[PDB]
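Engineer: Chains as they are written, first to last, in the deposited numbering: chain B, 1 to 340; chain S, 2 to 121, 136 to 247; chain A, 2 to 55, 183 to 354; chain R, 16 to 31, 39 to 312; chain C, 6 to 66. Beta carbons: idealized from backbone N, C-alpha and C, even for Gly.
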Ligand SMILES: CCCCCCCCCCCCC/C=C\[C@@H](O)[C@@H](N)COP(=O)(O)O
Ligand SMILES: CCCCCCCCCCCCCCCC(=O)O
Ligand SMILES: CCCCCCCCCCCCCCCC(=O)O
Ligand SMILES: CCCCCCCCCCCCCCCC(=O)O
Ligand SMILES: CCCCCCCCCCCCCCCC(=O)O
């Protein structure tokens, strides 16, 4: 109809105006500014602890708030809490569904969340008078496999599903309070800001969106990738984030300036990225490639400075401690390794 | 959670008796158990300890080779047996639960207690103070002293503070000399280093009257301190 | 134990107990057969479940001292390639196809028919990168109505390059050959074809026979005897 | 002078040509080099997720020890025999006996492991390692005990008639016991290899495809090849031993040519790592890659 | 008849996405540069620390 044609034309001319406005402020590049700093030397890490006991592919992990404990999730149907200092096991949580894709650890250390491919997010209580671990709340309402989940606080949690939607839950009531829509492809990962006010979600449509927790409405949209976006994480400062996609290319974006800053790729790498994480100071970028090893990138010079090759299968989960003392990498060979 | 104990009574010097305790309200299969003996009008001392799964069994040197402790997981019942009871075997017995992992608080629930009467190196814990009159509304300090250093290489300080109210089972207050227990107010606090340790109360009320004991857990056997009493 | 304190030996003992429990529970799930059920829609994949009935749907049953676990993931309604790698260790794949759908037309497109949609979905699943050595079991459902449908309307509509006797036997054989021709390996993957009967004993027996052959082939490869 | 008297009664002293020794040394060097290559190829890969690696490595090590022992025996058995004391000769024979026992028991252990693996219908491995270590320890203990038995008393030093011609100081009872053990092991191995193809064919008959038929034919060919290769080389030595047990003094001249029969077992030890490593896809690919 | 409603929603989103303020890339570039320099002193992964205070160090056993 005539109304359809005129509305489509209006949408197109907004896109041209957005592109023109974005290109107008691209006065300089980050490479020119950081061309004067001295490059960091070769980064060498060794495995200090080896964590064994899993009998299936490891799909997720998350460091504790005290930088001493961590949790791991595998497809065998078990959730194991590890003491990284002495390798000892603290808890072993059976799962109702053997298929799990994500896990999370509460900032207060009292609860652990898990879920994936079952449309339900389960919350487990660690500090129980009876001395065991029991489920406390099951959140349902999604129509697709859950890809990520992060604890906003002791009472609220945000999850992303495969039905191009994101929701914010309330553990006390168990009902959704805010729903985020607008994506075209399945959302694969999310990250929370240090101040827990905003968050970013990457989807399969090669686009990232910035959302507002309090307002519940989208703020900005970032594009530039050519394939599915697998990982995302904020900068320690909180004004930038890095994305890892399946075209063998990592990118760094910004919030105040809606333009691309760096591209991290090599002609010898044709393999996708499964995990992305920064360091304490935001200088080293750890990207978990699915070609049986991990790479270390300098965020300011986009130059490789170290390779972590100690796994015999795909690397799927990667984490960094709060104090930046060590990193933990999990793989499909059911082995966790702490590098320092 | 509760512990019910039975089997006490009056026995002759020549004879044997067994004591039993029934656990409920918690997972008895993953909780270590301890036995505590409290002599009348005197202090209390540790007796025996059994681990989770009957892996390690420890006995006190005083009654080593005479007492037998056994555990029954399916029925949630712990047994203790005494072969030959002497004159100095008359006291009140308590059963204590304890779980050991990173961040756990052992010696949490102390049970109720049972009575038994009979017809007629190691770190020592000392407490110079025996009784001090006090008026509610002012700070109270209790000091305990040891004979060695309880500070381990890992940084832990295995010292426990607990209170015994008149006619009531002891309740844990401070574990590892720094961490507060669960269900107790914030008035109680503990601070110490090396050999000397202190327990401090900010505001005093009518429910704080009792007897204070200091325990060490660096290595077996576990030795308690002299009873310190507070008068209203 | 020389340096560990009294509160650290107990922690080590607890960790050993956890390790023992994990090993005991890990050897019980290594003797269970895992099967993945796929279909193209209204192909009878819900009737085949009731025949051997004791997000994702899990069905567990026993037959001749062997435990089978079948997973239904047809209601996911999401991208297939984002979670298909999870079902990489399955023993075999059960496929349901209705051969009486050669005359019905798809709702989305009038020109497109349901028969070609099943053919293209089978080709994608069979030639996947994660199922290079996974055997496929193919079931031809709703074969009873095919006989009556083949006399009033010839099957030349679906296959315009077919010239047969217009009988049930020749038509069924031609359809089976077309589906079996989609295989591109022919050396590492074997395809088992069966016609579903009214009784349920034959269907379960065929599945039991198929998985037994697959297990022995894996056993021979593992021990290096083949 | 016990060796001089003992050889005289047997007849080896009666009546007591260099290329044969050179050929024996060359073949021994070939065997030891090939077995060392097999062992280092096995050790090259760290993907020790299969139980076959331990058994193949143990067999290679036993064959290496057998080759080294045969080299030492041929070096020290030329013309110095009258100079060695009886204890040193006892050690020389015991080394060969231990080597051959430990190179023969490994095949039986492999057969046990394969039969136990195939007999149980397990879709996935349970990741258990008790059987491998138990079998290796048991076979090593049996070989060591059998080798150390004759030196611990079973001799013919004070009993002139009651010992064999091939070994002038070793009684015939020990040889008969060794023959009985060997024939029991052979029967067990044959039965174990026979009781697998029948089950495989019976299972594959229900679902008839080309792949099933080709797999059954390949399995039958492999089983027949392995059984024939094992039997054909080990038969003549024990046939000669049985003849010696059944022969008399100076009755059998062919009994003096036992070297041409020992070399058959030596060649069997040479050919053992060929079939067991170059008959499967994974083993061949691992060997070729590294 | 719902096509116009979806188009109206899409253009309304584009209204807000094009009305936000922007700054120069160099200013954003400098802020990331300054943050790394100031916090590089307390980064164990960047500057290796002596083994005396390392909590994840491996002893003989
Ligand atoms: C469980 C059954 C395993 C059985 C293993 C039996 C193995 C048999 C091999 C034993 C044969 C070793 C004899 C070796 C060399 C002799 O010919 C020389 N001693 C004689 O040479 P001379 O003194 O004239 O120089
Ligand atoms: C050269 C000697 C080898 C050992 C000979 C005895 C065989 C011992 C191993 C098999 C015994 C039966 C084991 C049945 C249970 C199991 O499969 O673990
Ligand atoms: C001296 C001759 C000894 C023969 C020994 C034959 C041993 C192999 C045949 C019996 C194996 C039995 C294994 C368990 C039963 C089964 O096969 O299910
Ligand atoms: C090696 C010296 C003894 C002679 C041979 C004894 C019999 C063969 C070894 C034990 C076989 C046990 C039965 C077959 C294997 C099994 O099913 O456990
Ligand atoms: C023992 C030395 C000779 C070895 C080769 C002899 C001839 C073999 C003929 C059969 C070939 C078919 C089997 C090939 C091996 C396989 O398929 O694993």
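What is the DSSP secondary structure of residue 177 of chain B, reduced to helix, strand or coil?
Structural biologist: Reading the first chain from its first residue, position 177 is the one you call residue 177 of chain B. The answer is strand: DSSP assigns residue 177 of chain B an E or B state.
Engineer: Whose C-alpha, out of B:163, B:157, B:161 and B:188, is nearest the C-alpha of residue 175 of chain B?
Structural biologist: Here residue 175 of chain B refers to the residue found at position 175 of the first chain. With distances taken between Cα atoms, residue 175 of chain B lies closest to B:157.
Engineer: So, with DSSP's three-state summary, where would you put residue 36 of chain C?
Structural biologist: Within the fifth chain, the letter at position 31 stands for residue 36 of chain C. It is helical.
Engineer: Between the Cα of residue 313 of chain A and those of A:38, A:262 and A:234, spot the shortest distance and give me the residue it belongs to.
Structural biologist: The residue you call residue 313 of chain A lines up with position 185 of the third chain. Looking at the Cα atoms, A:262 is the closest of the given residues.
Engineer: So, for residue 52 of chain S: in the same chain, excluding its five sequence neighbours on each side, which residues have a beta-carbon less than 6 Å away from its beta-carbon?
Structural biologist: For the purposes of this step, residue 52 of chain S is taken as the residue at position 51 of the second chain. Only 33 meet the Cβ criterion.
Engineer: Which of the three DSSP states is assigned to residue 268 of chain R in this structure?
Structural biologist: In the fourth chain, residue 268 of chain R corresponds to position 246, counting from 1. Helix.
Engineer: Helix or strand or just coil, what does DSSP make of residue 295 of chain B?
Structural biologist: By 1-based counting over the first chain, the position of residue 295 of chain B is 295. Three-state result, residue 295 of chain B: strand.
Engineer: Using only Cβ atoms and a threshold of 5 Å, which residues come within that distance of a heavy atom of ligand 1? Order them by chain position.
Structural biologist: Listed along the chain, these residues meet the criterion: R:99, R:103, R:118, R:122, R:123, R:200, R:203 and R:204.
Engineer: Any chance you could list the residues with Cβ under 6 Å from a heavy atom of ligand 3, keeping chain order?
Structural biologist: Those residues are R:141, R:206, R:209, R:210, R:213 and R:214, given in chain order.
Engineer: For residue 338 of chain A, is the classification buried or exposed, using 16 other Cβ atoms within 10 angstroms of its Cβ as the cut-off for buried?
Structural biologist: The residue given as residue 338 of chain A occupies position 210 in the third chain. Result: buried.
Engineer: Would the C-beta of residue 138 of chain R count as close to ligand 2, meaning under 7 Å from any of its heavy atoms?
Structural biologist: For this step, residue 138 of chain R is matched to residue 116 along the fourth chain. At least one heavy atom of ligand 2 is nearer than 7 Å to the Cβ of residue 138 of chain R, so yes.
Engineer: Note the first and the last residue of the continuous alpha helix (DSSP H) segment covering residue 26 of chain C.
Structural biologist: Translated into the one-based positions of the fifth chain, residue 26 of chain C becomes position 21. Looking at the DSSP string, residue 26 of chain C is not in any alpha helix (DSSP H), and its letter there is neither H nor E.
Engineer: Let me check understanding here. Comparing Cα to Cα, which of B:232, B:135 and B:37 lies closest to residue 120 of chain B?
Structural biologist: For the purposes of this step, residue 120 of chain B is taken as residue 120 along the first chain, with counting starting at 1. Taking only the C-alpha atoms, the option nearest residue 120 of chain B is B:135.
Engineer: Pull up the DSSP beta-bridge partners for residue 190 of chain S, would you.
Structural biologist: Working through the second chain from its first residue, we reach residue 190 of chain S at position 175. DSSP lists S:175 and S:194 as partners of residue 190 of chain S.
Engineer: Using beta carbons (cut-off 8 Å, strictly below), is residue 26 of chain B in contact with chain C?
Structural biologist: The residue you call residue 26 of chain B lines up with position 26 of the first chain. Yes, its Cβ sits closer than 8 Å to a Cβ of chain C.
Engineer: Just checking: is the beta-carbon of residue 190 of chain S within a distance shorter than 8 Å of some beta-carbon in chain A?
Structural biologist: Sequence index remark: in the second chain, residue 190 of chain S carries index 175 (1-based). Answer no: the Cβ-Cβ gap between residue 190 of chain S and chain A never drops below 8 Å.
Engineer: Using a threshold of 8 Å, state whether the C-beta atoms of residue 189 of chain S and residue 202 of chain S are closer than that.
Structural biologist: Translated into positions along the second chain, residue 189 of chain S becomes position 174. Translated into positions along the second chain, residue 202 of chain S becomes position 187. No; because the gap between Cβ atoms is not below 8 Å, this pair is not in contact.
Engineer: Can you find a C-beta in chain R that's less than 8 Å from the C-beta of residue 338 of chain A?
Structural biologist: The count along the third chain starts at 1 and reaches residue 338 of chain A at position 210. Closer than 8 Å to some Cβ of chain R, the Cβ of residue 338 of chain A qualifies, so yes.
Engineer: Would you say the region 138 to 151 of chain S touches the region 216 to 227 of chain S, given that touching needs at least three Cβ pairs under 8 Å?
Structural biologist: Flag = yes, the region 138 to 151 of chain S and the region 216 to 227 of chain S touch.
Engineer: I need the boundaries of the beta strand (DSSP E) containing residue 42 of chain R, first residue and last residue.
Structural biologist: Sequence index remark: in the fourth chain, residue 42 of chain R carries index 20 (1-based). Here residue 42 of chain R belongs to no beta strand (DSSP E); instead the alpha helix (DSSP H) covers 41 to 66.
Engineer: On the three-state DSSP scale, how would you describe residue 103 of chain R?
Structural biologist: In the fourth chain, the residue the question calls residue 103 of chain R occupies position 81. Coil at residue 103 of chain R, not helix or strand.
Engineer: Any beta carbon of chain C sitting closer than 8 Å to that of residue 295 of chain B?
Structural biologist: Within the first chain, residue 295 of chain B is the residue found at index 295, counting from 1. No, because no Cβ of chain C sits closer than 8 Å to the Cβ of residue 295 of chain B.
Engineer: Residues of chain A with CB under 7 Å from residue 56 of chain S, in chain order?
Structural biologist: Locating residue 56 of chain S in the second chain gives position 55, where the first residue counts as 1. Near residue 56 of chain S (Cβ distances below 7 Å), the residues of chain A are 14.
Engineer: Would residue 39 of chain S be called buried (16 or more neighbouring beta carbons within 10 Å of its own) or exposed?
Structural biologist: Start at 1 with the first residue of the second chain, and residue 39 of chain S comes out as number 38. Looking at its Cβ environment, which holds 16 or more other Cβ atoms inside 10 Å, residue 39 of chain S is buried.
Engineer: Between residue 333 of chain B and the rest of its own chain, which residues show a CB-CB distance below 7 Å, the 5 nearest in sequence each way excluded?
Structural biologist: Here residue 333 of chain B refers to the residue found at position 333 of the first chain. Correct list, in chain order: 311, 312 and 313.
Engineer: When you compare the CB of residue 3 of chain A with every CB in chain B, is at least one pair closer than 8 Å?
Structural biologist: As a first step, residue 3 of chain A must be located in the third chain, where it is residue number 2. False, the Cβ-Cβ gap to chain B never drops below 8 Å.
Engineer: So residue 222 of chain B packs on residue 240 of chain B, CB below 8 Å; how close in whole Å?
Structural biologist: What you label residue 222 of chain B is simply residue 222 of the first chain in a count that begins at 1. What you label residue 240 of chain B is simply residue 240 of the first chain in a count that begins at 1. Going by Cβ atoms, the distance from residue 222 of chain B to residue 240 of chain B rounds to 11 Å, so no, they are not a contact pair.
Engineer: Given a cut-off of 8 Å on the beta-carbon distance, is the pair residue 274 of chain A and residue 228 of chain A in contact?
Structural biologist: To locate residue 274 of chain A, count along the third chain from 1; it is residue 146. To locate residue 228 of chain A, count along the third chain from 1; it is residue 100. Yes. Within cutoff.
Engineer: If you reduce the DSSP assignment to three classes, tell me which class residue 276 of chain B lands in.
Structural biologist: On the first chain, position 276 is the one that residue 276 of chain B refers to. Looking at residue 276 of chain B - three-state DSSP - the assignment turns out to be strand.
Engineer: Any beta carbon of chain R sitting closer than 8 Å to that of residue 343 of chain A?
Structural biologist: Taking the third chain and counting its residues from 1, one reaches residue 343 of chain A at position 215. True, the Cβ-Cβ gap to chain R drops below 8 Å.
Engineer: Among R:53, R:25 and R:17, whose alpha-carbon lies nearest the alpha-carbon of residue 286 of chain R?
Structural biologist: Stepping through the fourth chain from its first residue, residue 286 of chain R is reached at position 264. That would be R:53, whose Cα lies nearest to the Cα of residue 286 of chain R.
Engineer: For the region 101 to 135 of chain B, list every residue whose C-beta sits within 8 Å of some C-beta in chain S, in sequence order.
Structural biologist: Per Cβ criterion, the list reads 129, 130, 131 and 132.
Engineer: Are residue 351 of chain A and residue 99 of chain B touching if we call contact CB-CB under 8 Å?
Structural biologist: Position 223 of the third chain holds residue 351 of chain A. Position 99 of the first chain holds residue 99 of chain B. Going by C-beta atoms, residue 351 of chain A is not nearer than 8 Å to residue 99 of chain B.
Engineer: On the CB-based measure, 16 or more other CB atoms within 10 Å of its CB, does residue 16 of chain B come out buried or exposed?
Structural biologist: One-based indexing of the first chain puts residue 16 of chain B at position 16. Its Cβ having fewer than 16 others within 10 Å, residue 16 of chain B is exposed.
Engineer: I want to check one thing, is the minimum distance from the CB of residue 120 of chain A to the heavy atoms of ligand 4 below 7 Å?
Structural biologist: Chain A lacks the residues between 55 and 183, and residue 120 of chain A is one of those with no coordinates.
Engineer: Excluding the 5 residues preceding and the 5 following residue 296 of chain R in the sequence, name in chain order all residues of the same chain whose CB lies nearer than 7 Å to its CB.
Structural biologist: In the fourth chain, counting from the first residue as 1, residue 296 of chain R sits at position 274. Within the same chain, residue 296 of chain R has no close Cβ partners at all.
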